[PDB]
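Visitor: Sharing a structure with you now.
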Amino acid sequence: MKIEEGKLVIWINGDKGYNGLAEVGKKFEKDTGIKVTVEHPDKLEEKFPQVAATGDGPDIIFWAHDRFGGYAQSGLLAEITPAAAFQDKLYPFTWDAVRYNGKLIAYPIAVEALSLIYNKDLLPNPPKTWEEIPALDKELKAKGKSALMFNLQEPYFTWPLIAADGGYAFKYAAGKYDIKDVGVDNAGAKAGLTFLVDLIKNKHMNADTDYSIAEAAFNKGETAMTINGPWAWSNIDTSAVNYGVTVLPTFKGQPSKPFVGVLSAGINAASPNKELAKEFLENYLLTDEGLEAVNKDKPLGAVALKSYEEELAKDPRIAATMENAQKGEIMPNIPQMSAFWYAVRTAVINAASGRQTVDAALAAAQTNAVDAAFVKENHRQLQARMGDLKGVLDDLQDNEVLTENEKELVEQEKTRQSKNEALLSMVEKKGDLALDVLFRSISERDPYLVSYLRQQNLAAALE
Ligand SMILES: OC[C@H]1O[C@H](O[C@H]2[C@H](O)[C@@H](O)[C@@H](O)O[C@@H]2CO)[C@H](O)[C@@H](O)[C@@H]1O
C-alpha cells in the first residue's frame, strides 16, 4: 500500500527476540505516543527488496549487514546521521560493516558468530577436531545417542568448515573485494565439503537435517552436540539441559572460520518517519536496558554497544562467541553476496543429497556466484536460445523486478529473438539482485541452457 506517517513498522527475523524489541516499542510509545509495530515476516531478506522497490515495506529493517549493500545499490536504504559522540558508544569495526560506498546505511546492534554447543552431562571433553567426530559418533550411537546435529539447509552453518582449509567468498584485495575472484571451488573448499558429504555417506549426519530437527534433538538430549548462534541459548536454557559453549572444532589443524554477521537496523528510503526511526534506534534500542530487553527474549550474544558488552564480558558463552568470531571473517556487504549465498546453498544441498558430486556442485557454485557477469557476457547466445519467456517474465514480476507495462512491452515483440533482446537489456540496468532473479529463473526453468553455455565457454577458454 503505502507507509503510514506517524507510526513505526519494524521487520526482524523470527529467530530474534522480537517480543523483547516490542517491549522497547511500548516504552517508545508511552513516552512519545508513537505506535511501534514489530513484525517477523517469513523470508524477510527476500521480501524486503521486493516490497521496498515500490516504496512499500517497513520503516525499519533488521538483518545481518551482508545483505545491506544489495539494498543500498537499489536505493532502498536511507543514509543515517549519528553524531560523533553517538558513534563512539559503538565499536569502530561495527560501523565499517554498515558502510557502503562511503555512506553509513544502518545502525549496528549485535555481533553474531556461530559456536559449538555441547551437552555437558554427556560429553565432558568436546572434541577439538572435526576428524575425531566420526569415531565419536560410533561410540555414542551405542548408547542410543548421536554425536552432532546442526542445520544443513542454510549454508551459513556449513560455511565455517568449508572455509577452514581455505575456502573463501570474495578475495579481499587490500581495501576492497574482487568480484571475479571467488574461492568456493578451490582445494580447501572441496576438502571441507567433501568431509561434510563423507560424514553423510558414513551416516554420521543426514542431509535432511534442518533447524527444527537439530534443535529438538539437542534439547531432548538425543544428540551430543550442535552448531548455532546465541539466539538459540534461550531454548536450551528452558530445557534445563546442562550445556557449554566453546570454540568450533578444527579441520586439518586449522580453525573453523565462521562468517561473522553484524545484526543491523536500516531505515527504508521511502519512509516518512526517518527521524522517529533514528530516535527509536539511538535513544531507546541502543542503550543498556533496550539491549537487555531484547536479550531476555532471545540472546543477542556479543553486541556493538561498548557499555553493554563490558557487562557481557564476564559471560563464558560470550567469550566463546568472540573467540569464534575472531577466528572467522566479517562478511562483505557487497551486492554480490546474495548470489554467493544462493550458489553455496545450492552446492551444499546437491552434494549432501547426492545429486551432484562435490566437484560438480562446487564447479557450478563458482559460476552461480558470479551471476550478473554471466548474463551480460552471454548476452548474444541468450537472445537466440532462451525461448518462451512466460515463466521467466512471471518470475521477474513475482519478484517485482518488472512492472506490468515492462512485461507487456517484451511480449509485444514479433519473434523470440526480439522478445529475448528486449528482456535482456531491461534487466541489466536494474542491479545485481535483479539479474540474480533472472539468472535463477533461467537456471530453474531452463537448466540445460545454463549448463550448455557453461560448457561452451570452456571450449572457448581452452582455445
Ligand atoms: O545461510 C545463508 C544466510 O546466512 C546469514 O543468515 C543468518 C543470519 O545472518 C543470522 O542473523 C541468523 O538469523 O541466521 C541466518 C542463517 O539462516 C546471512 O546473513 C544471510 O544473508 C544468508 O542468506
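Naming works like this for the C-alpha cells: A, B, ... for the chains as they're shown, residue 1 at the start of each chain, ligands 1 onward in shown order.
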Could you list, as a count of residues only, every residue within 9 Å of stretch 328-331 of chain A, counting only C-alpha atoms and ignoring same-chain residues fewer than 4 positions away?

Guide: 19

Visitor: Check every protein, DNA and RNA residue against ligand 1, keep those with an atom at most 9 Å away (counting only C-alpha atoms and all ligand atoms), and present them as an MDAnalysis selection string.

Guide: chainID A and resid 13:16 45 62:67 112:113 151 153:159 211 228:229 231 259:263 331 337:338 340:342 344:345

Visitor: Save the residues we just selected, C-alpha atoms, as an mmCIF file, in the first residue's frame?

Guide:
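Result file follows (part22.cif):
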```cif
data_model
loop_
_atom_site.group_PDB
_atom_site.id
_atom_site.type_symbol
_atom_site.label_atom_id
_atom_site.label_comp_id
_atom_site.auth_asym_id
_atom_site.auth_seq_id
_atom_site.Cartn_x
_atom_site.Cartn_y
_atom_site.Cartn_z
ATOM 1 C CA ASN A 13 13.945 -12.265 11.817
ATOM 2 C CA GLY A 14 11.763 -14.842 13.581
ATOM 3 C CA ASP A 15 14.734 -16.287 15.461
ATOM 4 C CA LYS A 16 15.454 -12.985 17.235
ATOM 5 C CA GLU A 45 15.547 -10.759 3.463
ATOM 6 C CA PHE A 62 16.793 -5.725 10.728
ATOM 7 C CA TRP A 63 19.213 -8.217 9.157
ATOM 8 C CA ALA A 64 22.905 -9.066 9.155
ATOM 9 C CA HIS A 65 24.943 -6.439 7.313
ATOM 10 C CA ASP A 66 25.868 -8.703 4.362
ATOM 11 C CA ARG A 67 22.555 -8.041 2.573
ATOM 12 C CA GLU A 112 26.917 -12.620 15.560
ATOM 13 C CA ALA A 113 29.097 -15.727 15.396
ATOM 14 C CA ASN A 151 21.149 -27.125 10.290
ATOM 15 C CA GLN A 153 19.843 -26.425 4.819
ATOM 16 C CA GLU A 154 21.362 -22.968 5.401
ATOM 17 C CA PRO A 155 24.930 -22.549 4.049
ATOM 18 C CA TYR A 156 25.707 -20.207 6.972
ATOM 19 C CA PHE A 157 26.000 -23.244 9.245
ATOM 20 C CA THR A 158 28.279 -25.321 6.978
ATOM 21 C CA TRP A 159 30.466 -22.434 5.786
ATOM 22 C CA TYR A 211 16.924 -26.103 12.187
ATOM 23 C CA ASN A 228 24.326 -22.442 16.452
ATOM 24 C CA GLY A 229 24.307 -18.776 17.349
ATOM 25 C CA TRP A 231 19.761 -16.578 19.776
ATOM 26 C CA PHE A 259 31.343 -15.735 8.584
ATOM 27 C CA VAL A 260 30.565 -13.034 11.145
ATOM 28 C CA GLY A 261 27.358 -11.066 10.806
ATOM 29 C CA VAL A 262 26.643 -7.705 12.332
ATOM 30 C CA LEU A 263 22.912 -7.635 13.002
ATOM 31 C CA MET A 331 31.165 -10.803 5.894
ATOM 32 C CA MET A 337 26.697 -11.627 -1.578
ATOM 33 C CA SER A 338 23.111 -12.701 -2.332
ATOM 34 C CA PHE A 340 27.256 -16.040 -3.297
ATOM 35 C CA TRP A 341 24.802 -17.411 -0.728
ATOM 36 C CA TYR A 342 22.461 -18.804 -3.354
ATOM 37 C CA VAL A 344 26.626 -22.125 -1.766
ATOM 38 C CA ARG A 345 23.121 -23.070 -0.603
#
```

Visitor: Ranking A:363, A:76, A:426, A:248 by minimum distance to residue A:129 and counting only C-alpha atoms, which one comes first?

Guide: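 Looking at the shortest contact to residue A:129, the residue is A:248.
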
Visitor: Env of stretch 411-413 of chain A: 10 Å cut, atoms = only C-alpha atoms, seq-sep filter 3 positions within chain, self excluded. Answer as a list in words.

Guide: residues 389, 390, 393, 405, 406, 407, 408, 416, 417, 418, 419, 420, 421, 422 and 423 of chain A

Visitor: List as JSON lines every residue of stretch 214-300 of chain A that is in contact with stretch 28-34 of chain A, defined as an atom at most 9 Å from one of its atoms (using only C-alpha atoms), together with the nearest atom pair and the distance in Å rounded to one decimal, sorted by chain and then rising number.

Guide:
```
{"residue": "A:276", "atom": "CA", "partner": "A:34", "partner_atom": "CA", "distance": 8.5}
{"residue": "A:280", "atom": "CA", "partner": "A:28", "partner_atom": "CA", "distance": 6.9}
{"residue": "A:284", "atom": "CA", "partner": "A:28", "partner_atom": "CA", "distance": 7.1}
```

Visitor: Deliver the residues from the most recent selection as a file, using N, CA, C and O atoms, as a JSON list (two decimals), in the first residue's frame.

Guide:
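This is the output file out-v8.json:
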```json
[["chain", "number", "residue", "atom", "x", "y", "z"],
["A", 276, "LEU", "N", 11.88, 9.68, 13.47],
["A", 276, "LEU", "CA", 11.32, 8.81, 14.50],
["A", 276, "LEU", "C", 12.16, 7.54, 14.64],
["A", 276, "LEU", "O", 12.45, 7.09, 15.76],
["A", 280, "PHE", "N", 14.24, 6.22, 17.90],
["A", 280, "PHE", "CA", 13.96, 4.91, 18.47],
["A", 280, "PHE", "C", 15.24, 4.07, 18.60],
["A", 280, "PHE", "O", 15.50, 3.45, 19.63],
["A", 284, "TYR", "N", 16.55, 4.68, 22.36],
["A", 284, "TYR", "CA", 15.79, 3.61, 23.02],
["A", 284, "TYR", "C", 16.39, 2.22, 22.85],
["A", 284, "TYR", "O", 16.65, 1.52, 23.84]]
```

Visitor: Write out as a list in words which residues come within 12 Å of residue A:191 when counting only C-alpha atoms, dropping same-chain ones fewer than 2 positions away.

Guide: residues 161, 162, 163, 164, 165, 166, 167, 184, 185, 186, 187, 188, 189, 193, 194, 195, 196, 197, 198, 251, 252, 358, 359 and 362 of chain A

Visitor: Going by DSSP on the backbone, which residues of stretch 137-225 of chain A come out as helix (DSSP H, G or I)? List them as a PyMOL selection string.

Guide: chain A and resi 137-143+155-164+187-201+211-219

Visitor: For residue A:369, which residue out of A:398, A:181, A:446, A:237 is the nearest one, using only C-alpha atoms?

Guide: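 Among the listed residues, the smallest separation from residue A:369 belongs to A:181.
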
Visitor: Would you list the contacts of residue A:295 as a PDB file with N, CA, C and O atoms, in the first residue's frame, taking every protein, DNA or RNA residue within 8 Å and counting only C-alpha atoms, but skipping same-chain residues closer than 4 positions in sequence?

Guide:
```
ATOM      1  N   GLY A  17      14.835 -11.926  19.329  1.00  0.00           N
ATOM      2  CA  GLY A  17      13.933 -11.534  20.399  1.00  0.00           C
ATOM      3  C   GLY A  17      12.954 -10.445  19.999  1.00  0.00           C
ATOM      4  O   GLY A  17      13.018  -9.331  20.517  1.00  0.00           O
ATOM      5  N   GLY A  20      10.908  -8.954  22.757  1.00  0.00           N
ATOM      6  CA  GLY A  20      11.715  -8.042  23.550  1.00  0.00           C
ATOM      7  C   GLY A  20      11.823  -6.679  22.892  1.00  0.00           C
ATOM      8  O   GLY A  20      11.763  -5.648  23.565  1.00  0.00           O
ATOM      9  N   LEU A 291      18.869  -3.076  24.994  1.00  0.00           N
ATOM     10  CA  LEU A 291      19.534  -4.273  24.503  1.00  0.00           C
ATOM     11  C   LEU A 291      19.229  -5.472  25.394  1.00  0.00           C
ATOM     12  O   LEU A 291      19.084  -6.596  24.911  1.00  0.00           O
ATOM     13  N   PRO A 299      18.770 -14.170  23.205  1.00  0.00           N
ATOM     14  CA  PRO A 299      20.065 -13.527  23.421  1.00  0.00           C
ATOM     15  C   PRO A 299      20.648 -12.989  22.119  1.00  0.00           C
ATOM     16  O   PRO A 299      20.679 -13.703  21.116  1.00  0.00           O
ATOM     17  N   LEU A 300      21.086 -11.733  22.147  1.00  0.00           N
ATOM     18  CA  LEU A 300      21.780 -11.113  21.028  1.00  0.00           C
ATOM     19  C   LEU A 300      23.181 -11.689  20.877  1.00  0.00           C
ATOM     20  O   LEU A 300      23.733 -11.741  19.777  1.00  0.00           O
ATOM     21  N   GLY A 301      23.756 -12.115  21.997  1.00  0.00           N
ATOM     22  CA  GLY A 301      25.138 -12.550  22.028  1.00  0.00           C
ATOM     23  C   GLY A 301      26.034 -11.371  22.334  1.00  0.00           C
ATOM     24  O   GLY A 301      25.699 -10.544  23.186  1.00  0.00           O
TER      25      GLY A 301
END
```

Visitor: Could you find all residues in stretch 96-334 of chain A that DSSP calls strand (DSSP E) from the backbone, and write them as a PyMOL selection string?

Guide: chain A and resi 99-100+103-104+107-112+115-119+146-148+168-172+177-183+223-228+243-246+259-267+302-303+329-330

Visitor: With only C-alpha atoms as the atoms that count, which of A:219, A:212, A:81, A:399 lies nearest to residue A:281?

Guide: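 Closest to residue A:281 of all the choices is A:81.
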
Visitor: Can you work out which one of A:206, A:73, A:115, A:238 has the shortest atom-to-atom distance to residue A:220, counting only C-alpha atoms?

Guide: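 Of all the options, A:238 lies closest to residue A:220.
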